[PDB]
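Each ligand, and each atom within it, is numbered from 1 in the order the structure gives. In what follows, chains carry the letters A, B, and so on, assigned in the order in which the sequence lines appear, proteins first and then strands, with residues in each chain numbered from 1. Side-chain atoms are counted along with the backbone in the values below, which use heavy atoms only and exclude waters and symmetry mates.
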Number of protein chains: 4
Amino acid sequence: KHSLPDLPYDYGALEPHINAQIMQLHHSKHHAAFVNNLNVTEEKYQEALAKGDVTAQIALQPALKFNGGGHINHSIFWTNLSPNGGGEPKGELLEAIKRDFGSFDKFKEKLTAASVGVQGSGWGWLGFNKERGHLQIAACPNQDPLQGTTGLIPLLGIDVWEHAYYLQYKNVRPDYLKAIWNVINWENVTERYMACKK
Amino acid sequence: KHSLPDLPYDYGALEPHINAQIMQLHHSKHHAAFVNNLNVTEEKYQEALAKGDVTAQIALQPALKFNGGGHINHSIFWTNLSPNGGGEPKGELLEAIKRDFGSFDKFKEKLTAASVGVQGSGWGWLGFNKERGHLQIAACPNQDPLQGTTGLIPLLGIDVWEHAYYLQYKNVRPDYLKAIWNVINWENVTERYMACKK
Amino acid sequence: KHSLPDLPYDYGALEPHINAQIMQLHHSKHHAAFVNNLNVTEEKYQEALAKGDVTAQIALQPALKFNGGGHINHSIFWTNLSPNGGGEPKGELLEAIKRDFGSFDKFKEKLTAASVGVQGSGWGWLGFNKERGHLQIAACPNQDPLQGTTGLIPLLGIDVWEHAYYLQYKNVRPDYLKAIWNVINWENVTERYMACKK
Amino acid sequence: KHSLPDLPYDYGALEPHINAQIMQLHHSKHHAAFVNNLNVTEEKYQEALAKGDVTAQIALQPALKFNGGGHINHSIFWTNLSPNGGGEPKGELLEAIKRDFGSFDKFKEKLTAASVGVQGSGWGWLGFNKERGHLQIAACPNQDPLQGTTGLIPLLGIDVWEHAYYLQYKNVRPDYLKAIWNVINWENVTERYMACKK
Ligand SMILES: [Mn+2]
Ligand SMILES: [Mn+2]
Ligand SMILES: [Mn+2]
Ligand SMILES: [Mn+2]
């Protein structure tokens with residue numbers, strides 16, 4: 001049975017970049033609901049599965065992808081954020097970024113562009129491409145999770161659902177993106193990255 | 001050249017159901033941006049078309065559908081609301097609703113469910129199916145407009161992008177849906193309906 | 001564990017409308033593979049499910065929908081075809097068709113159009129809409145099954161994957177559609193329909 | 001006005017790998033139809049654009065992408081094949097393949113897997129990622145063209161619509177993929193590659 005992870009920190013710990021109200025709603029309402037609906041959906045899917053009811057199995061897919069994906073994505077996102085965050089990565093991950101994108105600031109420009117470019121709801125990602133052995137930026141619609149839908153390993157996600165920023169930044173997604181760089185947990189991203197070098 | 005239509009009322013006219021801050025942002029920022037991007041995309045498409053640049057044309061399609069759709073949808077939406085609206089429609093539209101959905105209450109439930117059910121950004125619609133000669137509810141993703149993507153003539157739209165409600169209703173989409181019924185302009189919906197009597 | 005249904009008839013029994021070669025390949029190769037891959041995929045899904053591996057669950061969805069859907073769709077399609085088929089339905093189903101589409105020939109025109117209009121692979125369907133209580137035509141992409149993805153109950157399906165006709169009709173899908181009316185099992189469609197009137 | 005390009009060789013030139021009946025149908029029927037529908041759709045779009053009919057424009061998008069994409073893709077495909085092709089590419093393209101995929105064999109496996117893996121109609125592509133300055137494999141659905149929908153410059157395409165192989169290889173897509181390697185025009189693929197050296 002899945003459950004809602006606690007944050008590594010207090011709801012106000014990312015101010016002023018992400019205010020407390022958004023963090024509270026985002027965690028305790030949006031993510032909580034994903035977990036609840038995921039549990040429901042998985043239980044329904046097992047019943048369908050046991051019965052070899054393929055029509056029901058297929059009818060359950062939108063809910064599983066949306067809620068399952070929301071659970072995966074948000075779980076990663078809190079670990080990707082930290083009051084102790086911001087600045088620049090160092091060591092191999094910084095070397096990898098320079099190698100694959102030219103430099104850190106070119107990387108930021110590219111992930112910003114992928115995130116601002118989502119028309120509708122979705123996520124921008126820095127991922128790791130296992131078969132190519134290098135970093136890769138991708139954007140995902142709605143709650144479609146990166147690994148499940150692209151095969152890429154998620155390292156850093158930027159939520160660009162309106163609920164992630166609207167109470168603070170209103171319609172100006174690029175101010176949100178500028179501010180979020182101050183709370184990125186590069187320690188976590190580096191752990192995710194080093195886990196890929198196996 | 002497309003233009004941003006004025007609202008048929010002041011930004012505060014739909015209080016307390018939809019507050020003034022949302023109406024002002026929704027019209028002055030979101031819709032405004034759709035209009036300019038639509039105009040720019042149309043001019044780019046003319047150039048691509050004049051050179052027979054098929055790749056350019058296809059690459060422009062997402063911006064044309066998103067911004068053109070956005071302009072269509074919001075232009076309809078403002079006319080679908082009124083400070084003087086609410087309650088039940090009068091005349092033939094109510095009888096069509098009873099014929100096709102069983103009753104007004106049943107219809108409201110269906111349109112509400114279609115709207116609350118969008119798993120991402122989008123719109124709920126009451127449409128007219130000209131081929132079948134009856135009403136039809138449908139949901140559309142992002143800014144994909146009803147007529148251009150499904151053929152159905154839009155009668156009433158409910159915006160369920162988060163920007164349509166978040167500042168007031170936070171994550172609670174059903175509270176927004178319950179409130180909006182108080183400001184439906186049935187005169188406008190009837191006008192749109194009668195124009196389908198074909 | 002799912003399995004491949006035997007046809008109600010011999011591979012050559014729909015000649016000259018659908019030749020034996022297509023029926024043999026279509027059943028013993030295309031459908032067989034759907035069943036095989038569906039079984040594999042369901043077994044993998046249970047393992048994922050037991051483990052609460054949502055990323056794997058989501059990664060399995062394309063295969064389940066495609067192969068599961070291919071199993072659902074083809075299973076229905078053979079029952080929808082018969083050497084004993086063709087002509088016109090009678091009784092309530094014919095009455096329903098006249099009611100909802102004007103007449104049988106208007107219905108044929110509409111299902112033909114939905115089937116010929118698929119750009120790519122897919123299916124045209126006559127379905128039953130439970131909540132509206134009437135017939136409904138819809139088209140589905142690839143092997144996306146009607147009930148699983150639209151909620152409509154399938155009554156009659158027309159396969160418009162190229163493998164359904166190419167060896168005989170080559171690129172001319174409209175000759176295929178004209179010919180298939182001669183082998184439709186209206187007895188079966190009527191059973192499916194009457195099962196919906198509950 | 002777009003035109004149907006002549007093949008750079010006779011319909012039988014690619015025997016026995018792709019037979020003459022397929023080449024003749026593929027070019028004279030499938031591609032021919034894409035060209036006329038593209039031209040007609042472009043003229044319709046000009047009219048819609050000139051009137052500011054956004055709904056009309058959006059309604060034309062599926063035909064423009066499908067027929068325009070079809071024209072793009074097949075125009076590339078014919079040039080990607082040769083009676084004089086096969087074997088391994090010479091020069092820098094082979095070294096780029098080794099750099100990006102590990103070796104030619106590995107590349108062939110990846111492109112084969114991307115192609116055989118399309119769950120419906122579509123195309124497998126070897127592309128160039130101008131932003132990353134390296135090769136990239138991708139699959140596209142239906143006739144969605146590579147550059148206009150992903151940004152990647154097409155170098156080599158493999159058609160995996162059933163019409164590309166069915167008359168010869170029946171359902172066995174892998175046998176078609178194994179054969180087509182015998183007729184790849186690496187001179188053309190190299191030309192396309194060198195043009196990306198940007
Ligand atoms: Mn979120
Ligand atoms: Mn809106
Ligand atoms: Mn089939
Ligand atoms: Mn083709």
Side-chain angles (χ1 to χ4, degrees), chain A residues 18 22-23 25-27 29-34 66-67 69-78 80-81 118 120-123 140 142-143 145 157-166 171 176, chain B residues 18 22-23 25-34 66 69-78 120-124 140 142-143 145 157-166 171 176, chain C residues 120 162 166 171, chain D residues 18 22-23 25-34 66 69-78 80 121-124 140 142-143 145 157-166 176:
Chain A
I18 305 177
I22 297 178
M23 301 305 303
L25 285 174
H26 205 180
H27 182 247
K29 305 300 187 304
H30 292 278
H31 193 182
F34 292 133
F66 180 70
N67 296 290
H71 186 37
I72 292 156
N73 301 337
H74 289 83
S75 289
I76 291 173
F77 192 52
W78 317 132
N80 278 173
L81 313 181
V118 176
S121 296
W123 293 75
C140 300
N142 305 316
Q143 297 298 343
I158 308 175
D159 194 351
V160 292
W161 284 62
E162 284 178 322
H163 64 240
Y165 57 86
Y166 211 81
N171 60 290
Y176 162 60
Chain B
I18 307 171
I22 288 166
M23 304 295 311
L25 290 169
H26 208 178
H27 181 265
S28 80
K29 303 316 194 154
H30 293 277
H31 196 175
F34 291 132
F66 183 67
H71 178 46
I72 292 159
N73 303 332
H74 292 78
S75 298
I76 295 164
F77 195 51
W78 309 137
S121 305
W123 293 74
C140 300
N142 299 322
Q143 292 303 338
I158 311 307
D159 188 1
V160 292
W161 288 60
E162 289 175 324
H163 65 241
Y165 55 83
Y166 212 84
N171 57 293
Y176 161 63
Chain C
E162 284 178 322
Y166 211 81
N171 60 290
Chain D
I18 307 171
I22 288 166
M23 304 295 311
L25 290 169
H26 208 178
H27 181 265
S28 80
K29 303 316 194 154
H30 293 277
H31 196 175
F34 291 132
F66 183 67
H71 178 46
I72 292 159
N73 303 332
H74 292 78
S75 298
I76 295 164
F77 195 51
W78 309 137
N80 282 172
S121 305
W123 293 74
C140 300
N142 299 322
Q143 292 303 338
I158 311 307
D159 188 1
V160 292
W161 288 60
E162 289 175 324
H163 65 241
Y165 55 83
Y166 212 84
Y176 161 63

**Prompt:** Checking side-chain contact (heavy atoms from CB on, under 4.5 Å) for the pair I76(A)/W123(A): CA distance, chi angles, key distance, verdict?
**Reply:** CA-CA 12 Å; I76(A) 291 173; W123(A) 293 75; over 6 Å; no
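- Among the atoms of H31(D), no N, O or S atom is found under 2.8 Å from the Mn ion (ligand 4).
- Closest approach between the Mn ion (ligand 1) and any N/O/S atom of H163(A) involves NE2.
- Note on ring orientation: taking the six-membered ring where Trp is involved, the planes of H31(A) and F34(A) are tilted (angle from 30° to 60°).
- The Mn ion (ligand 4) is closest to atom NE2 of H74(D) (considering only N, O or S atoms).
- Classified by interplanar angle (parallel below 30°, tilted 30° to 60°, perpendicular above 60°), the ring pair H26(D)/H163(D) is perpendicular.
- The Mn ion (ligand 4) does not have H30(D) among its coordinating residues (no N/O/S atom, backbone or side chain, under 2.8 Å).
- Within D159(A), OD2 is the N, O or S atom that lies nearest to the Mn ion (ligand 1).
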Could you walk me through whether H74(A) and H30(A) pass the ring pair (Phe, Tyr, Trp, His ring centres under 6.0 Å) check? CA-CA 9 Å; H74(A) 289 83; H30(A) 292 278; 7.5 Å; no
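- Taking both residues in full, the closest heavy atoms of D159(D) and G122(D) are given as OD1-O, 3.7 Å, listed atom of the first, atom of the second, then distance.
- Nearest to the Mn ion (ligand 4), among the N, O or S atoms that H26(D) has, is NE2.
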